[PDB]
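Worksheet for the structure shown next.
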Amino acid sequence: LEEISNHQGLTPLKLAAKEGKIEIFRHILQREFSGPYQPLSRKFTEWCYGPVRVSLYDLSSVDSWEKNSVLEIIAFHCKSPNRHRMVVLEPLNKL
Amino acid sequence: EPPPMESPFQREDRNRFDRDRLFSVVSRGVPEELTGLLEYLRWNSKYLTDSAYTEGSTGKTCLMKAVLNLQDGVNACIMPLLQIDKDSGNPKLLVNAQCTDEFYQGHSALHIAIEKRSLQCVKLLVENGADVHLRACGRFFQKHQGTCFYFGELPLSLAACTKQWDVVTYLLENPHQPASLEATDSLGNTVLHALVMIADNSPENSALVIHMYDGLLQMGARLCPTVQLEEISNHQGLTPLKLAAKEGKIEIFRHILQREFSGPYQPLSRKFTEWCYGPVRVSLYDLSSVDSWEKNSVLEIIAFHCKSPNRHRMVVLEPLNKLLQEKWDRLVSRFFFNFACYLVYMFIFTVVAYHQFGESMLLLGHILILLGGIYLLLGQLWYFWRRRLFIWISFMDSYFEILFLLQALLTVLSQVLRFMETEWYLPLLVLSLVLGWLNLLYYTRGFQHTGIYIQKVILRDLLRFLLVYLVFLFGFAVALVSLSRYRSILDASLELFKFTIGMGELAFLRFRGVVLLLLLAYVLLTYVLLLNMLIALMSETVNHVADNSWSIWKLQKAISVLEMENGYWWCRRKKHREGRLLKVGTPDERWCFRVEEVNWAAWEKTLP
Amino acid sequence: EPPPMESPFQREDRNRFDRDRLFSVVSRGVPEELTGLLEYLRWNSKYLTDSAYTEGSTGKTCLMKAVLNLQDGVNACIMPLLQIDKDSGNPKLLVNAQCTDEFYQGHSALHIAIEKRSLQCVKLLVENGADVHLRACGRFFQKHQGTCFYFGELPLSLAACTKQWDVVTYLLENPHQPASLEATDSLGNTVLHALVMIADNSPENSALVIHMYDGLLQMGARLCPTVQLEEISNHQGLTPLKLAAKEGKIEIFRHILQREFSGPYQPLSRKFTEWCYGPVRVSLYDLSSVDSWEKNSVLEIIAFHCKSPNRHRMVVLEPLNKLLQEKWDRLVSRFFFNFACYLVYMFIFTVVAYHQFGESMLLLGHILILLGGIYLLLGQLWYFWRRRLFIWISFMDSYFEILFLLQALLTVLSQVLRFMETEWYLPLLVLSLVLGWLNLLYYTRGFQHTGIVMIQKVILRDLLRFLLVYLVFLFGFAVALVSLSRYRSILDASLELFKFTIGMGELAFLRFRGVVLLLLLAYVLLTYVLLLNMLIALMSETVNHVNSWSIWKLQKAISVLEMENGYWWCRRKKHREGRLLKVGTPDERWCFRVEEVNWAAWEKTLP
Ligand SMILES: CCCCCCCCCC(=O)OC[C@H](COP(=O)([O-])OCCN)OC(=O)CCCCCCCCC
Ligand SMILES: CCCCCCCCCC(=O)OC[C@H](COP(=O)([O-])OCCN)OC(=O)CCCCCCCCC
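Protein chains in written order, with the entry's author numbering: chain B, 287 to 381; chain C, 31 to 45, 74 to 414, 429 to 525, 529 to 560, 590 to 612, 616 to 693, 699 to 720; chain D, 31 to 45, 74 to 414, 429 to 524, 527 to 560, 590 to 612, 616 to 652, 655 to 693, 699 to 720.
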């Protein structure tokens, strides 16, 4: 259901990026589930050693390699005053 | 890029019972599939620690993976795997295997067992011969700006930093191989040093560090009463108190300074209450390595070696505040005698510069000026030779030394040029005169009323806004000069700058309109930049910062005292030790310092 | 310098039973080890209070060492020690022995027992003849900066300041030696004065002080009912209310002013409620020692003798606010008559200074100017003679009294110089004129719109510091610029630089032109930095979200309390405020009626 695009060509993650809906955008980016619902997640924990936590983030529709990605939408297609708050979210910050 | 320690998705790097089958089995936890591994190892003449049975880059063994994949705090393959390893006749047991990658160098299965908070795994590994003094020397375990976790390097320090009292108790009290609280990592840091280094001035971390520090001190007193753990020095030459002083860990430094215990642990105390009467409390403070009589004292470390912004908050703690106040009260006359000498020298400077039998007096003034410049140049050069680090690590509280050195250099050069009869001697002399008159404001710190009375920002805003303003200035200067060809780049820059500071006025010829447009644009842009100046400086004020000017003045007085205490460069001054030798328990004689505290608010909180 | 009162680690200085054995025995608390002391004293003909058995520097005896080492509030050697002292036939009892060192002078074992909160030890000492009126008058027990603890100087005062009701009750009601409430320390301060002094405006401390003040008033109503404790004056002539007014202890001052008791304790009240009607409450306030009719009243002490910053908040408390409002309403016409007289005098001054029967009128104007200067000089000098200390203790709200004197002195000097035909009388005359026109602003406090500061406080504080810094800069750059031109003299160069700094004139600029320009640029940048620093430092106080009405009310109070005395050439008779009403038993007081309306407080009492 995440991959369905509306008439503007935007998936729900991309739509949340464009509209400036930061909270749901962060939740979708950092979605984590355990047990039977793990495949629906976008973030996977690899290992933890004390304070250090290392996790894998899915880069589908987020990496700028794809045309009309989340990064491009935030940089040039979003107009909300919350854009600078979205670039500091994982995995956007380290990417 | 270093490989992940234990990734469920990424297979181990390379860079029947193969390595991949064994890793799959030990990750699942069922020991039944391990049957037949020993026979294959014996037939192929291989040990579990060989290169093919470990991750290629790090050297992580199957035992570490088994510990990394603990489930419900236990992994059923640990004991069978160790049994197979010991039955294989391995000359170096699998328990003591360590990683080889530069990132994870020194990492062992015991470290993973302690980190995973599984006491059963630690007990099982120790019972089988794990070395409890292995050091994790990899870059992941050193302290640096990045992805790292510094806990010392020893398993005992790891247990202490992770708030695992049971693990510490077992490691120090196990009969198989008892851990030693005296053990040190690669940097010489013991467990107390490691606790100090992980300390953050947040209340929660400070409470955790204080609790574990006190617990380890008491347990060391119980287990090793013949040694003092707080006297161990690392490779930097610092005890845990001095290490906390240097690194800026204020909330544990204060606790160590004012530590007090009653009962069997009284010898571990540093504050001893003598008597109380209403709101008045009098206590004896241990001056061990605190008084400036000893080399690398806590006072000197705070004043000259610490670079933390908490420097001035540390010199206002007891007994440091009272000790420095007494030192200042003892050396207050020496400070003002120096002020009087400098004032007389500056008066002679002013007379000689103003007057550029009378000729003999002028020559006497010139030679006195040369001698004064020589004396200050030698005095400042010795100061830099002693404190090369202090000037660099903190410029806001040491720029007056640089100004004194520059004034001495300019005075000496001016006298040398005057002897050489070079025409440029007078500008150097007048610059020296004005700089020396400005240097007279150093001595305002002696008395409080003007001593307490932007400087932080000027090193934080000017270095950016001058760049922007100079870009504006050069652009408009070249634009005006090229259109007028105002006759040179420096001329236009000087005129525009003088108008900007309001000193001069602009003069307007073909293309008068374009010149007027350029001048209007420059004026408006500079006004916006000045507004940005004023706004940036203002926001720091409405921030509601605390009144730390008093503490900054106290720290300035502390630096002045600690430099005056050494005497002049031509006459070493004998050090006077603070406090008196007193017996405080058991032959336990310490140099205690008596501090008297009056606190109505605290006392009233004890009344019914 | 003084030795510690008690030190577990440091032994007493020295400036069978020797001193050390006895002190160790009484410190450990075992009484059986004291056997043989009495026999030794009898054999050596010694006494237990001799210098051989006390600390050399202070005089701390063995008993005081025993009390300083209480365990769970009891020490087993105190009673046997007192018994040994009595059996030894000592002409001066070991109890009531006191220190002699200047720091702990007068300190006794009863003070230690009370401070240690051991009621049992107090009972034991008092039973054995402890004097409950001993005064601990050493430097440690006096009010000053540094390590000290002021609690009065009496055991009753020490028990009161330490919040010990049981010990206070025992001391007041013991039969062996009853303590006296009206007893005074070396400064004449009773227990109430001591409670006032130890009070600070924090809420918990104020609550403690108020609680024990009311309790001691009730105890002084029970015992010695014929003695009015609040009317006792110390060596400075201050009652507890007046002492609270002087010290600036606003909380206890307000509590005493508005004290109201119900039931049997009605005569102790100072505020009496008359009638209520909804949000309207009308109460009588006792003006004893409050009305400015008497000499050294509470109003005068607050206006002219208090120096605490809490001064302006005290004059808005009832009944002070309404009393001062009534006085100001009565004397508002006299104030503006003075304003009109000064305005006419300044108009004549302006006309005469401007125009230097025309000639005869100008001479008459000069004579009038001289007469006005003589009058104002006499008035200001009398004011200083009366209130010398008020000028020093609060300059921020009394500098007009200096400016008026300076204007009168300058006017007199100008006139006498004109008489001596000196040509230096015009500058003095014009300075007198401008200073009088400046002093005309004093009367703006007569009406609220202009009467109702923050920058005035900071400038009067930071003026000297900023002047020091800026004058160092100015002198340095002036001498640097003068020396390089050899800008005629140091004064001329300083004047040029200052006039440019305040924007009055340009800067003058001959080889070494670059160096002169560099010096001028450095001066300009440094002065801009200094002025920005001053602006921000002044700014940091304004943005604190910080009371102008209280300051204006205090100004009006000062003006009223000065106007009541009348002119120097005409003393004015004062009128008592309120009326002499009876409030109980013939307990007649000069009560004052204040009506107060408070909807917010009344609406809370509704269900
Ligand atoms: C030519 C003098 C030969 C040596 C005679 C001894 C004179 C005492 C010198 C002295 O006390 O130093 C004064 C001052 C040092 O300032 P500082 O180190 O405190 O400041 C450190 C700042 N970071 O240094 C000066 O003022 C330098 C000039 C000293 C001579 C002045 C003439 C009057 C002598 C009585
Ligand atoms: C020739 C007249 C000689 C004086 C006779 C007495 C006339 C009445 C005096 C009078 O009202 O004085 C008012 C004023 C008092 O000073 P202040 O309390 O305002 O000041 C203290 C503030 N801190 O004092 C003044 O303003 C002084 C002016 C004196 C000349 C008046 C000319 C007009 C008279 C009708």
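All C-beta atoms in this analysis are idealised placements derived from N, C-alpha and C, irrespective of residue type, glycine included.
- Can you give me, in chain order, the residues of the stretch 314 to 348 of chain B that have a beta carbon less than 8 angstroms from any beta carbon in chain C? Listed in sequence order: 330, 332, 333, 335, 336, 337, 338, 340, 342.
- Item | First through last residue of the alpha helix (DSSP H) which encompasses residue 128(C) | According to the DSSP assignment, residue 128(C) belongs to no alpha helix (DSSP H), since it is labelled neither H nor E.
- Helix, strand or coil for residue 612(D) per DSSP? In the structure shown, residue 612(D) adopts coil according to DSSP, grouped into three states.
- Message: I want to check one thing, is the minimum distance from the CB of residue 448(D) to the heavy atoms of ligand 2 below 7 angstroms?
- Response: Taking 7 angstroms as the cut-off, one finds at least one heavy atom of ligand 2 near enough to the beta carbon of residue 448(D).
- Query: Roughly how many angstroms separate the alpha carbons of residue 681(D) and residue 673(D), rounded to a whole number?
  - Reply: One C-alpha to the other measures close to 8 angstroms.
- Output yes if chain C places a C-beta closer than 8 angstroms to the C-beta of residue 130(D); else output no. Residue contact check for residue 130(D) against chain C: no CB pair falls below 8 angstroms.
- Query: What does residue 211(D) reach in chain C if we use C-beta pairs closer than 8 angstroms?
  - Reply: Within 8 angstroms Cβ-Cβ: nothing; residue 211(D) doesn't reach chain C, min ~13 angstroms.
- Task: Identify whether residue 209(C) lies in helix, strand or coil by the three-state DSSP scheme.
- Result: In this structure, residue 209(C) counts as coil in the three-state DSSP scheme.
- If the cut is a Cβ gap below 7 angstroms, which residues of chain C does residue 201(D) touch? Neighbours of residue 201(D) in chain C, taken as residues whose beta carbon is under 7 angstroms from its own, are absent, since the nearest beta carbon is some 12 angstroms off.
- Message: Does the CB of residue 716(C) have a neighbour CB from chain D at under 8 angstroms?
- Response: With respect to chain D, the C-beta atom of residue 716(C) has a partner C-beta closer than 8 angstroms.
- Short Cβ contact (8 angstroms threshold) for residue 252(D) with residue 199(D): No, the pair does not count as a contact, with Cβ atoms beyond the cut-off.
- Message: Any heavy atom of ligand 1 inside 7 angstroms of the beta-carbon of residue 396(C)?
- Response: Yes - ligand 1 has a heavy atom lying nearer than 7 angstroms to the Cβ of residue 396(C).
- Task: Kindly indicate which residue of 374(D), 484(D), 670(D), 37(D) has the alpha-carbon position closest to the one of residue 456(D).
- Result: The residue among 374(D), 484(D), 670(D), 37(D) with its C-alpha nearest the C-alpha of residue 456(D) is 670(D).
- Message: Any heavy atom of ligand 1 closer than 7 angstroms to the beta-carbon of residue 443(C)?
- Response: Because some heavy atom of ligand 1 lies under 7 angstroms away, the Cβ of residue 443(C) counts as near it: yes.
- Task: Inspect the beta-carbon positions of residue 118(D) and residue 110(D) and report whether they are closer than 8 angstroms.
- Result: No, they are not a contact pair.
- Query: Residues bridged to residue 690(C) by DSSP?
  - Reply: Residue pairing by DSSP places residue 690(C) opposite 701(C) in a beta bridge.
- Task: Could you tell me whether the Cβ atoms of residue 552(C) and residue 597(C) are closer together than 8 angstroms?
- Result: Judged by their CB atoms, residue 552(C) and residue 597(C) are nearer to each other than the 8 angstroms cut-off.
- Bounding residues of the beta strand (DSSP E) (the contiguous stretch that carries residue 332(C)): 329 to 335 is the extent of the beta strand (DSSP E) around residue 332(C).
- Measuring only between beta-carbons, confirm whether residue 638(D) sits less than 8 angstroms from chain C. So, interface residue.
- Please list, in chain order, all residues of the same chain as residue 656(D) whose beta carbon is under 7 angstroms from its beta carbon, the five residues on each side excluded. Closer than 7 angstroms at the Cβ level, and outside the excluded window around residue 656(D), lie 524, 527.
- Task: Below 8 angstroms CB to CB, which residues in the same chain sit around residue 31(C) once its five sequence neighbours on both sides are set aside?
- Result: The beta carbon of residue 31(C) sits closer than 8 angstroms to no other beta carbon from its chain once the five residues preceding and following it are set aside.
- Taking only the alpha-carbon atoms, compute the straight-line gap between residue 331(B) and residue 339(B) and give it to the nearest angstrom. Rounded to the nearest angstrom, the two C-alpha atoms are 8 angstroms apart.
- Report the option in 334(B), 321(B), 344(B) whose CA atom is closest to the CA atom of residue 381(B). Taking only the C-alpha atoms, the option nearest residue 381(B) is 344(B).
- Task: Compare the C-beta of residue 125(D) with all C-beta atoms of chain C and state if any pair is closer than 8 angstroms.
- Result: Not closer than 8 angstroms to any Cβ of chain C, the Cβ of residue 125(D) fails to qualify, so no.
- Message: Please report whether the beta-carbon of residue 37(D) lies at a distance below 8 angstroms from any beta-carbon of chain C.
- Response: Yes, residue 37(D) counts as interfacial toward chain C.
- Message: Strictly by DSSP, which residues pair up with residue 344(D)?
- Response: Secondary-structure assignment with DSSP links residue 344(D) through a beta bridge to 704(D).
- Message: Any beta carbon from chain D within less than 8 angstroms of residue 607(C)'s own beta carbon?
- Response: Yes, residue 607(C) counts as interfacial toward chain D.
- Message: Give me the DSSP bridge partner(s) of residue 710(D).
- Response: Answer is 338(D), bridged to residue 710(D).
- In three-state terms, what does DSSP make of residue 366(B)? Coil, per DSSP.
- Query: CB-CB under 6 angstroms to residue 316(C), same chain, minus the five flanking residues each way: which ones, in chain order?
  - Reply: Around residue 316(C): 329.
- Task: Identify which residue in 476(C), 163(C), 302(C) has its Cα closest to the Cα of residue 503(C).
- Result: Of 476(C), 163(C), 302(C), the residue nearest in Cα terms is 476(C).
- Using a Cβ-Cβ cut-off of 8 angstroms, state whether residue 536(D) counts as contacting chain C. Yes - at least one Cβ of chain C is within 8 angstroms of the one on residue 536(D).
- Query: Under the criterion of a Cβ to heavy atom distance below 7 angstroms, does residue 473(C) qualify as lining ligand 1?
  - Reply: Between ligand 1 and the CB of residue 473(C), the shortest heavy atom gap is smaller than 7 angstroms.
- Taking the C-alpha atoms as reference points, what is the distance between residue 513(C) and residue 448(C)? Their Cα atoms are separated by approximately 16 angstroms.
- Can you name the start and end residues of the alpha helix (DSSP H) that residue 273(C) belongs to? Residue 273(C) -> alpha helix (DSSP H) spans 261 to 281.
- By how many angstroms is the C-alpha of residue 162(D) removed from the C-alpha of residue 99(D)? Here the C-alpha atom of residue 99(D) lies approximately 27 angstroms from the C-alpha atom of residue 162(D).
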